[PDB]
Amino acid sequence: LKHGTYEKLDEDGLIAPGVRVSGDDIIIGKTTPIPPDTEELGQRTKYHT
Amino acid sequence: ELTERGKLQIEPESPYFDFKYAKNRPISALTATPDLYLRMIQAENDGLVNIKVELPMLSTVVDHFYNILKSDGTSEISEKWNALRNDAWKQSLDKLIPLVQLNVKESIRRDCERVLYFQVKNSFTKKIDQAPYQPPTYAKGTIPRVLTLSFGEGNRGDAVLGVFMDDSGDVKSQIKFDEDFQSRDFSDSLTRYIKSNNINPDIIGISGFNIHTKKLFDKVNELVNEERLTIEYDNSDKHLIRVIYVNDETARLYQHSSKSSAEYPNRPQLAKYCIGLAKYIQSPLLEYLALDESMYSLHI
Amino acid sequence: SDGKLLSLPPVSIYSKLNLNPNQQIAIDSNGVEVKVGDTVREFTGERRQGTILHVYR
Amino acid sequence: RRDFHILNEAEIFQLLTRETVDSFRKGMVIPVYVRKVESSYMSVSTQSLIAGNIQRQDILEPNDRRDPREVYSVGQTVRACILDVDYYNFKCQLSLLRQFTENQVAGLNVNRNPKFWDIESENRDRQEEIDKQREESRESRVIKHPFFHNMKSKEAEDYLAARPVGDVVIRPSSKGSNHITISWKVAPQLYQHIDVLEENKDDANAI
RNA sequence: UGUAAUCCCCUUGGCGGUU
């Protein structure tokens, strides 16, 4: 993840108008899928996909 | 005796500190405590200490043998002859002492080694002497159906793995519990797995790597006490399914052995660990045999 | 930890002792905390010094 | 074969904590890690995840009247001595009193009977190593001054011998780096050494 | 006691700024 803050994003991954933003803040939240690793061994669904 | 290396290296925490300044230790009592003599020899081989064997009555033997050997003459010529004889006898004693010391040292070494060998043999026999767990209402020697549940460590992100094996010794089904073990969902899913699928395991084994497994054991015991999960008995005070801890040296070694990988190429390491635990419960002797060479590295 | 040397196959070894900094903690003679990689000198004996590689008990 | 062997409290403790009952018992000092600080108690964690607690009577010295939070904080590990062990519940109580954390030195139970133990040799080696500890190192002092000269007492007197009456030389004193000896010629073949005590010294070589 | 995160193209092209 980026070192900025994701707390200004809404549920849909987009910031809302009227919100003050600073440098390195995340204004668009996007993720790309990755083939899962062998973490399904003992991770309680908390594995990076 | 202590060399300079012994003077500096024998610390209060080192195992060699037990005999840093021992003195006049009886030989006959050494055989009852072989490890002390073995450790003294080991320290000697390290160039730290020197083991010395001495007799309190050595002068008595020297004087007696001199009296046997000495002449009874009193003339100055006889005095010179007696002096020559005594000096040669002292030189002979000087030459003879080290060989006798070495022979006695070797004898005590062999005795202590044999004693410790027998002790290790008895310890190993005690370790590997245990029949498989006997389920109630069955004769001794019957192989029970077993279910193993484990999560390993218990850090945030540690799911609980379950592996069930029948009396045949073949894996029947493996399940994952991906919810928190303290949630109602975990207990409900475990109860459904236990009852609905007709698994009916005779004994449940729980093991781990740290104290976090204790909470899982307590939670499982409470669940068993709450849902009255009695064992199915083939055709009436039905008995509850036992939940115990399992020793896991063989399981730990099996989770790393390539034999498991060849046997189970598409299974996680925790599944292999649970399978090893279940096989140990079914038959400890065969699991101890499966160690092959790594059995010698067990703490016996 | 005893000071001896052993030779074993990779299979025989149990596992690596993964310890967090909350577990791998060292305290010197005076009671000051000393962490991984710090340089300390033996108080007595050979009075040697070196960098800490791992802390156990 | 005997029936299946069920682990007991000691065996379960050894299996889980990987710590033997002998190595973890009363009268042992371990570097526990402070996890929570409270006014009436402190909650600490050992190396082997064994949670521990100390009642307020022992975090601070009985003479001191400070607060536990001011002296000790989270993340500040300290030495502690085991008082009680709950093997079944993996709970232990600790003491921070120096009568345990410091006085407990010869914790081994090795029989020191003079008949079979050479107490005299161990004592002699003990004063040998203690005298070695007392041994230290010292070096010379360098001062920059026109009338300062690194000479002995006799050396200073001989240096002033070739000089007329009243000339002054300055040399380091034997009473310490905080002292200075000043030698001046009272009369032909007559010299006075005066010791000067230094205060508020910036450095050993400094004035 | 639940304990928070560290990483970024490359090649071309254009348009500019200061001399």
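Residue numbers (full-length UniProt numbering), protein chains in the order written: chain A, 885 to 933; chain B, 620 to 854, 866 to 930; chain C, 625 to 681; chain D, 1139 to 1345. Using N, Cα and C, we set each Cβ at its ideal position, and we do this for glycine too.
Burial state of residue i (16 or more Cβ within 10 Å)
{"i": "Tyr757 of chain B", "result": "exposed"}
{"i": "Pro1310 of chain D", "result": "buried"}
{"i": "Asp1340 of chain D", "result": "exposed"}
{"i": "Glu891 of chain A", "result": "exposed"}
{"i": "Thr915 of chain A", "result": "exposed"}
{"i": "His886 of chain B", "result": "buried"}
{"i": "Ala1218 of chain D", "result": "buried"}
{"i": "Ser653 of chain C", "result": "exposed"}
{"i": "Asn1249 of chain D", "result": "exposed"}
{"i": "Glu845 of chain B", "result": "exposed"}
{"i": "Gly771 of chain B", "result": "buried"}
{"i": "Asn877 of chain B", "result": "buried"}
{"i": "residue 862 of chain B", "result": "The structure shown gives no position for residue 862 of chain B: in chain B, residue numbering passes from 854 to 866 with nothing in between."}
{"i": "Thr832 of chain B", "result": "buried"}
{"i": "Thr1184 of chain D", "result": "buried"}
{"i": "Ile911 of chain A", "result": "exposed"}
{"i": "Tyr1171 of chain D", "result": "buried"}
Span separating the alpha-carbon of residue i from that of residue j
{"i": "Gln912 of chain B", "j": "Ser815 of chain B", "result": "24 Å"}
{"i": "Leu1221 of chain D", "j": "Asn1146 of chain D", "result": "22 Å"}
{"i": "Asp637 of chain B", "j": "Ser625 of chain C", "result": "17 Å"}
{"i": "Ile1308 of chain D", "j": "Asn1288 of chain D", "result": "8 Å"}
{"i": "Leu1298 of chain D", "j": "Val1324 of chain D", "result": "10 Å"}
{"i": "residue 936 of chain B", "j": "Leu870 of chain B", "result": "What the structure shows of chain B is the stretch from 620 to 930, and residue 936 of chain B is not part of that stretch, so it cannot be assessed."}
{"i": "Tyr875 of chain B", "j": "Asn840 of chain B", "result": "11 Å"}
{"i": "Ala1300 of chain D", "j": "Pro1284 of chain D", "result": "18 Å"}
{"i": "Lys628 of chain C", "j": "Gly666 of chain B", "result": "14 Å"}
{"i": "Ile1318 of chain D", "j": "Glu657 of chain C", "result": "41 Å"}
{"i": "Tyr1210 of chain D", "j": "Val1175 of chain D", "result": "7 Å"}
{"i": "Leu1198 of chain D", "j": "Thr1239 of chain D", "result": "13 Å"}
{"i": "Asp662 of chain C", "j": "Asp1202 of chain D", "result": "33 Å"}
{"i": "residue 615 of chain C", "j": "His929 of chain B", "result": "Only positions 625 to 681 of chain C appear in the structure, and residue 615 of chain C is not among them; the question remains open."}
{"i": "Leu718 of chain B", "j": "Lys642 of chain B", "result": "21 Å"}
{"i": "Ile1168 of chain D", "j": "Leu657 of chain B", "result": "30 Å"}
{"i": "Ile1345 of chain D", "j": "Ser1275 of chain D", "result": "22 Å"}
{"i": "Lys640 of chain C", "j": "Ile1150 of chain D", "result": "22 Å"}
{"i": "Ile646 of chain B", "j": "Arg775 of chain B", "result": "58 Å"}
{"i": "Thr668 of chain C", "j": "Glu1267 of chain D", "result": "8 Å"}
{"i": "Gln1330 of chain D", "j": "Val664 of chain C", "result": "49 Å"}
{"i": "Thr652 of chain B", "j": "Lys671 of chain B", "result": "18 Å"}
{"i": "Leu655 of chain B", "j": "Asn1247 of chain D", "result": "15 Å"}
{"i": "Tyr1179 of chain D", "j": "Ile850 of chain B", "result": "46 Å"}
{"i": "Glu632 of chain B", "j": "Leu883 of chain B", "result": "31 Å"}
{"i": "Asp1269 of chain D", "j": "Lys724 of chain B", "result": "38 Å"}
{"i": "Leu1335 of chain D", "j": "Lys1313 of chain D", "result": "9 Å"}
Contact list for residue i against chain D, beta-carbon separation under 7 Å
{"i": "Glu657 of chain C", "result": "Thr1215"}
Neighbouring residues, chain D, relative to residue i (Cβ below 8 Å)
{"i": "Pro755 of chain B", "result": "In chain order: nothing, as chain D lies at least about 12 Å away."}
{"i": "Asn646 of chain C", "result": "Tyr1171, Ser1183"}
Where residue i meets chain D, residues with beta-carbon distance less than 9 Å
{"i": "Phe636 of chain B", "result": "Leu1246, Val1248"}
{"i": "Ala641 of chain B", "result": "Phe1254, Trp1255, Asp1256"}
{"i": "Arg644 of chain B", "result": "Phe1254"}
{"i": "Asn877 of chain B", "result": "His1143, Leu1145, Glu1149, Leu1153"}
{"i": "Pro631 of chain B", "result": "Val1243, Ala1244, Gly1245, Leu1246"}
Whole-angstrom C-beta distance between residue j and residue i, which should lie under 8 Å
{"i": "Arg872 of chain B", "j": "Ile905 of chain B", "result": "No, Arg872 of chain B and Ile905 of chain B are not in contact; Cβ-Cβ is about 20 Å, not under 8 Å."}
{"i": "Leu1187 of chain D", "j": "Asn829 of chain B", "result": "6 Å"}
{"i": "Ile825 of chain B", "j": "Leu768 of chain B", "result": "6 Å"}
{"i": "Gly1190 of chain D", "j": "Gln1231 of chain D", "result": "7 Å"}
Where residue i meets chain C, residues with beta-carbon distance less than 8 Å
{"i": "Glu1267 of chain D", "result": "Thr668"}
{"i": "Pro1169 of chain D", "result": "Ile649, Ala650, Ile651"}
{"i": "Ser887 of chain B", "result": "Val635"}
beta-carbon residue i near the ligand NAD non-hydrogen atom, thresh 7 Å
{"i": "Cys1219 of chain D", "result": "Annotation note on the ligand NAD: not contained in the displayed structure, which lists no ligands."}
Closer than 7 Å at the beta carbon, the chain B residues around residue i
{"i": "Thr929 of chain A", "result": "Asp797"}
{"i": "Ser1259 of chain D", "result": "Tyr640"}
Partner residues on chain B for residue i, Cβ-Cβ distance less than 8 Å
{"i": "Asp1263 of chain D", "result": "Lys626"}
{"i": "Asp1141 of chain D", "result": "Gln749, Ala750, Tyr752, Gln753, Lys759"}
Where residue i meets chain B, residues with beta-carbon distance less than 9 Å
{"i": "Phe1228 of chain D", "result": "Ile830, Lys833"}
Beta-carbon neighbours of residue i, restricted to chain A and to distances below 9 Å
{"i": "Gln801 of chain B", "result": "Here the premise fails: no neighbours, minimum Cβ distance about 12 Å."}
Residues that residue i contacts on chain A, provided the C-beta gap is smaller than 8 Å
{"i": "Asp922 of chain B", "result": "Result: empty, since nearest Cβ-Cβ is about 26 Å, beyond 8 Å."}
Within chain C, the residues that residue i reaches when beta carbons sit closer than 9 Å
{"i": "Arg811 of chain B", "result": "What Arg811 of chain B touches in chain C: nothing, since even the nearest Cβ is about 33 Å away."}
| query | How about the region 660-677 of chain B and the region 623-633 of chain B: do they share at least three Cβ pairs that are nearer than 8 Å? | reply | yes
| request: Tell me, please, whether the region 679-699 of chain B touches the region 746-765 of chain B by the rule of three or more beta-carbon pairs shorter than 8 Å. | output: no
| task | Would you be able to state if there are at least three C-beta pairs under 8 Å between the region 731-745 of chain B and the region 896-907 of chain A? | result | no
| request: Take every Cβ of the region 794-814 of chain B, pair it with every Cβ of the region 922-932 of chain A, and state whether three or more of those distances are shorter than 8 Å. | output: yes
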